[PDB]
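entry_8.cif (mmCIF, C-alpha atoms and all ligand atoms) appears below.
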```
data_my_file
loop_
_atom_site.label_atom_id
_atom_site.label_comp_id
_atom_site.auth_asym_id
_atom_site.auth_seq_id
_atom_site.Cartn_x
_atom_site.Cartn_y
_atom_site.Cartn_z
CA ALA K 1 -49.07 7.31 53.11
CA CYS K 2 -50.61 3.78 53.31
CA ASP K 3 -54.19 3.17 52.27
CA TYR K 4 -54.14 -0.03 54.45
CA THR K 5 -51.73 -0.76 57.33
CA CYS K 6 -51.61 -4.44 58.25
CA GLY K 7 -49.39 -4.41 61.34
CA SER K 8 -46.02 -3.46 59.77
CA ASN K 9 -47.15 -4.07 56.12
CA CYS K 10 -48.08 -1.12 53.86
CA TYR K 11 -50.64 -1.33 51.05
CA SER K 12 -51.94 1.05 48.45
CA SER K 13 -55.39 0.85 46.66
CA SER K 14 -53.63 -0.55 43.54
CA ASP K 15 -52.07 -3.40 45.62
CA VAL K 16 -55.61 -4.27 46.88
CA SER K 17 -57.21 -4.15 43.38
CA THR K 18 -54.43 -6.43 41.83
CA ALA K 19 -54.68 -9.06 44.67
CA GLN K 20 -58.56 -8.89 44.48
CA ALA K 21 -58.64 -9.39 40.63
CA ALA K 22 -56.36 -12.44 40.97
CA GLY K 23 -58.53 -13.86 43.78
CA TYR K 24 -61.85 -13.36 41.99
CA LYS K 25 -60.60 -14.96 38.73
CA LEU K 26 -59.64 -18.17 40.71
CA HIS K 27 -63.02 -18.03 42.50
CA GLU K 28 -64.91 -17.75 39.05
CA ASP K 29 -62.85 -20.71 37.70
CA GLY K 30 -63.37 -22.97 40.74
CA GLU K 31 -59.58 -23.13 41.26
CA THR K 32 -57.49 -22.93 44.40
CA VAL K 33 -53.72 -22.39 45.24
CA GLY K 34 -51.72 -23.28 48.37
CA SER K 35 -52.16 -25.59 51.32
CA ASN K 36 -55.09 -23.74 52.87
CA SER K 37 -57.03 -23.69 49.53
CA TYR K 38 -57.07 -19.96 48.58
CA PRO K 39 -59.64 -18.32 47.77
CA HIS K 40 -61.97 -19.94 50.33
CA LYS K 41 -65.10 -18.90 52.25
CA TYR K 42 -64.64 -16.28 54.94
CA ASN K 43 -67.42 -16.98 57.48
CA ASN K 44 -66.92 -13.68 59.45
CA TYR K 45 -66.44 -15.25 62.98
CA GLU K 46 -65.07 -11.85 64.18
CA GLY K 47 -68.32 -10.16 63.06
CA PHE K 48 -66.83 -7.24 61.13
CA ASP K 49 -69.17 -4.58 59.76
CA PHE K 50 -68.73 -5.05 56.04
CA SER K 51 -70.82 -2.63 53.87
CA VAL K 52 -71.21 -5.21 51.04
CA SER K 53 -73.25 -8.44 51.15
CA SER K 54 -72.53 -12.07 52.07
CA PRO K 55 -70.90 -14.70 50.89
CA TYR K 56 -67.33 -13.53 51.56
CA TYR K 57 -64.00 -14.94 50.39
CA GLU K 58 -60.50 -14.50 51.83
CA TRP K 59 -57.41 -14.21 49.59
CA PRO K 60 -53.68 -13.39 50.52
CA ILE K 61 -52.24 -10.00 49.75
CA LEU K 62 -48.45 -10.05 49.84
CA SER K 63 -45.93 -7.47 51.16
CA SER K 64 -43.62 -8.33 48.25
CA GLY K 65 -46.09 -6.73 45.76
CA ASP K 66 -46.36 -10.14 44.01
CA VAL K 67 -49.67 -11.93 43.48
CA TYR K 68 -50.19 -15.13 45.59
CA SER K 69 -49.38 -18.35 43.67
CA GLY K 70 -48.74 -20.95 46.42
CA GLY K 71 -46.46 -21.51 49.41
CA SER K 72 -46.45 -19.15 52.44
CA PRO K 73 -49.56 -16.81 52.60
CA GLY K 74 -48.32 -14.46 55.33
CA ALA K 75 -50.84 -12.80 57.67
CA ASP K 76 -52.63 -10.41 55.32
CA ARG K 77 -55.89 -10.90 53.43
CA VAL K 78 -58.27 -9.14 50.99
CA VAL K 79 -61.99 -9.98 51.55
CA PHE K 80 -64.26 -9.88 48.53
CA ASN K 81 -67.79 -11.03 47.74
CA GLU K 82 -69.67 -12.76 44.84
CA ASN K 83 -70.04 -9.41 42.96
CA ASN K 84 -66.23 -8.65 43.08
CA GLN K 85 -66.84 -5.90 45.68
CA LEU K 86 -64.17 -5.41 48.39
CA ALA K 87 -65.46 -5.97 51.91
CA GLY K 88 -62.18 -5.26 53.71
CA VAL K 89 -58.44 -5.75 54.19
CA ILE K 90 -57.71 -7.89 57.28
CA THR K 91 -54.73 -9.34 59.16
CA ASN K 92 -53.72 -12.09 61.65
CA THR K 93 -50.90 -9.68 62.86
CA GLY K 94 -51.73 -8.23 66.28
CA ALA K 95 -54.61 -10.71 66.84
CA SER K 96 -54.39 -13.90 68.95
CA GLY K 97 -54.00 -17.25 67.09
CA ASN K 98 -55.80 -17.38 63.78
CA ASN K 99 -58.18 -14.47 64.67
CA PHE K 100 -58.29 -11.40 62.46
CA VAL K 101 -58.17 -7.61 63.04
CA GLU K 102 -58.99 -4.94 60.42
CA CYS K 103 -56.16 -3.11 58.62
CA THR K 104 -56.12 0.59 59.53
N1 LIG F 1 -60.51 -16.33 62.06
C1 LIG F 1 -61.25 -16.70 61.04
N2 LIG F 1 -60.90 -17.75 60.40
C2 LIG F 1 -61.77 -18.14 59.38
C3 LIG F 1 -62.92 -17.56 59.00
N3 LIG F 1 -63.57 -18.20 57.94
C4 LIG F 1 -62.79 -19.21 57.69
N4 LIG F 1 -61.69 -19.27 58.52
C5 LIG F 1 -60.83 -20.47 58.66
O1 LIG F 1 -61.16 -21.01 59.99
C6 LIG F 1 -59.98 -21.57 60.59
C7 LIG F 1 -59.66 -20.96 62.03
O2 LIG F 1 -59.53 -19.56 62.16
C8 LIG F 1 -58.78 -21.40 59.63
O3 LIG F 1 -58.52 -22.56 58.74
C9 LIG F 1 -59.26 -20.25 58.74
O4 LIG F 1 -58.71 -20.07 57.42
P1 LIG F 1 -57.39 -19.21 57.23
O5 LIG F 1 -56.28 -19.70 58.05
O6 LIG F 1 -57.14 -19.38 55.83
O7 LIG F 1 -57.78 -17.82 57.61
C10 LIG F 1 -63.26 -16.45 59.71
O8 LIG F 1 -64.24 -15.84 59.42
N5 LIG F 1 -62.40 -16.03 60.73
CA CA F 2 -47.21 -1.73 47.02
CA CA F 3 -54.25 -19.17 58.89
#
```

Re-express the file's structure as structure tokens.
Amino acid sequence: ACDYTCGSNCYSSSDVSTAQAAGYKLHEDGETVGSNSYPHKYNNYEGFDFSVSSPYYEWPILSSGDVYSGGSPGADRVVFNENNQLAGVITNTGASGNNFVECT
């Protein structure tokens, strides 16, 4: 069973924790990777009901099981805050344009 289902992509809790640790470390260091400057500020335009506090940051979680290092991000993202608390696992898959839906 999947802990998070992002369209067709399957993630476990360990996949989420590994991607999140990698994202937070780059956030702490003031460093970014890729063309869309990951991790950046997630403004919550969709208005998701995240249990943890604002400011939020989006980072790519990959279907390959590899940590994001540049190039193509895919459609899947881990959302974390300033305290390294996970807000949610979101995806562009099944949402119009660059909008996001929550991973089930
Ligand atoms: N849909 C969405 N995009 C966001 C949000 N915060 C920042 N973005 C950025 O706003 C722009 C339009 O959606 C994109 O560059 C996108 O970055 P990403 O492509 O990296 O998600 C948000 O809360 N929702
Ligand atoms: Ca996995
Ligand atoms: Ca995008």

Per residue of chain K within 7 Å of ligand CA 2 (chain F), what are the shortest atom pair and its distance in Å to one decimal, counting all atoms listed in the file, with rows by chain and residue number, as JSON lines?
```
{"residue": "K:10", "atom": "CA", "partner": "F:CA2", "partner_atom": "CA", "distance": 6.9}
{"residue": "K:11", "atom": "CA", "partner": "F:CA2", "partner_atom": "CA", "distance": 5.3}
{"residue": "K:12", "atom": "CA", "partner": "F:CA2", "partner_atom": "CA", "distance": 5.7}
{"residue": "K:15", "atom": "CA", "partner": "F:CA2", "partner_atom": "CA", "distance": 5.3}
{"residue": "K:65", "atom": "CA", "partner": "F:CA2", "partner_atom": "CA", "distance": 5.3}
```

Please write the residues from the selection above to a file, keeping C-alpha atoms, as an mmCIF file, in the frame of the given file.
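Writing the result to again_20.cif gives the following:
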```
data_model
loop_
_atom_site.group_PDB
_atom_site.id
_atom_site.type_symbol
_atom_site.label_atom_id
_atom_site.label_comp_id
_atom_site.auth_asym_id
_atom_site.auth_seq_id
_atom_site.Cartn_x
_atom_site.Cartn_y
_atom_site.Cartn_z
ATOM 1 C CA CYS K 10 -48.080 -1.120 53.860
ATOM 2 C CA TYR K 11 -50.640 -1.330 51.050
ATOM 3 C CA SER K 12 -51.940 1.050 48.450
ATOM 4 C CA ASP K 15 -52.070 -3.400 45.620
ATOM 5 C CA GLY K 65 -46.090 -6.730 45.760
#
```

Site check for ligand LIG 1 (chain F): residues at most 12 Å away, all atoms listed in the file, as number ranges by chain: K: 32-48, 54-60, 72-79, 90-93, 95-102

Could you tell me how far atom CA of residue K:22 sits from atom CA of residue K:4, in Å to one decimal place?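 Atom CA of residue K:22 lies at a distance of 18.5 Å from atom CA of residue K:4.
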
Give the centre and edge lengths of an axis-aligned box, in Å to one decimal, that holds all listed atoms of stretch 2-21 of chain K with 5 Å on each side, as AutoDock Vina command-line options.
```
--center_x -52.3 --center_y -2.8 --center_z 51.0 --size_x 22.6 --size_y 23.2 --size_z 30.7
```

Here is a test: counting all atoms listed in the file, which residue of K:2, K:87, K:16, K:21 is nearest to residue K:50? K:87

Identify which of the residues K:67, K:89, K:94, K:81 lies closest to residue K:19, counting all atoms listed in the file when measuring atom-to-atom distances.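 Using all atoms listed in the file, residue K:19 sits closest to K:67.
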